[PDB]
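K.L.:
Experimental coordinates for this protein are included below, preceded by the sequence.
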Amino acid sequence: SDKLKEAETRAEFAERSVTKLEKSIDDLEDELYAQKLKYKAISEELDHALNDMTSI
Amino acid sequence: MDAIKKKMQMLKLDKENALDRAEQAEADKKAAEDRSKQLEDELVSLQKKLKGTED
């Protein structure tokens, strides 16, 4: 019974830790999505300036 | 970006104004030279008429 309690406690902590890690990776994935949007927008604006200047 | 576009627009406004002024000056030169040459032809005809009167 004592060993079962110990193992259950460690497994519960492991579940909590993996939940925290999954939330953290969600946050960082969202941040990378935002920065990818930033690069898309800046490249699009540079292309717009290029086409405006080449087309006067 | 942002300032680059505005600077390009300034460089284009200068382009349009300079080109328009050049074209207008060229038209002015054409008109003025045509005026001068027609006056010279009138002068020539007057010389010939004077010659006939002298005869």
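P.N.:
Perfect, thanks for sending it. Numbers count the residues shown, from 1 in each chain, chains lettered A, B, ... in the order given.
K.L.:
Around chain A, pick out the residues from chain B.
P.N.:
B:1, B:4, B:5, B:8, B:12 (C-beta under 8 Å from any C-beta of the partner chain). C-beta here means a position set from N, CA and C on the backbone, and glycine is covered the same way.
K.L.:
residues near the second one, how many?
P.N.:
Looking back up the chat, that one is residue B:4. 12 (other C-beta atoms under 10 Å in any protein chain shown).
K.L.:
quick one, phi/psi of it?
P.N.:
Dihedral pair for residue B:4: phi -60, psi -40, per degrees, to the nearest 10.
K.L.:
residues contacting it?
P.N.:
Going by C-beta atoms under 8 Å, 6 or more residues apart in numbering or on different chains, residue B:4 touches residue A:49.
K.L.:
Please repeat the previous calculation with a cut-off of 10 Å.
P.N.:
A:45, A:46, A:49, A:53 (C-beta atoms under 10 Å, 6 or more residues apart in numbering or on different chains).
K.L.:
With the third one instead?
P.N.:
For residue B:5, the contact set (C-beta under 10 Å, 6+ apart) comprises A:45, A:48, A:49, A:52, A:53.
K.L.:
still on that earlier bit, find the pair from the contacts of residue B:4 with maximum spatial separation.
P.N.:
A:45 and A:53 (12.5 Å; C-beta to C-beta).
K.L.:
helices or strands up against the helix or strand where residue A:51 lies?
P.N.:
Using DSSP states H and E, residue A:51 sits within helix A:2-54. Under the contact criterion of 3 or more C-beta pairs under 10 Å, 6 or more residues apart in numbering or on different chains; DSSP states H and E, helix A:2-54 touches helix B:3-54.
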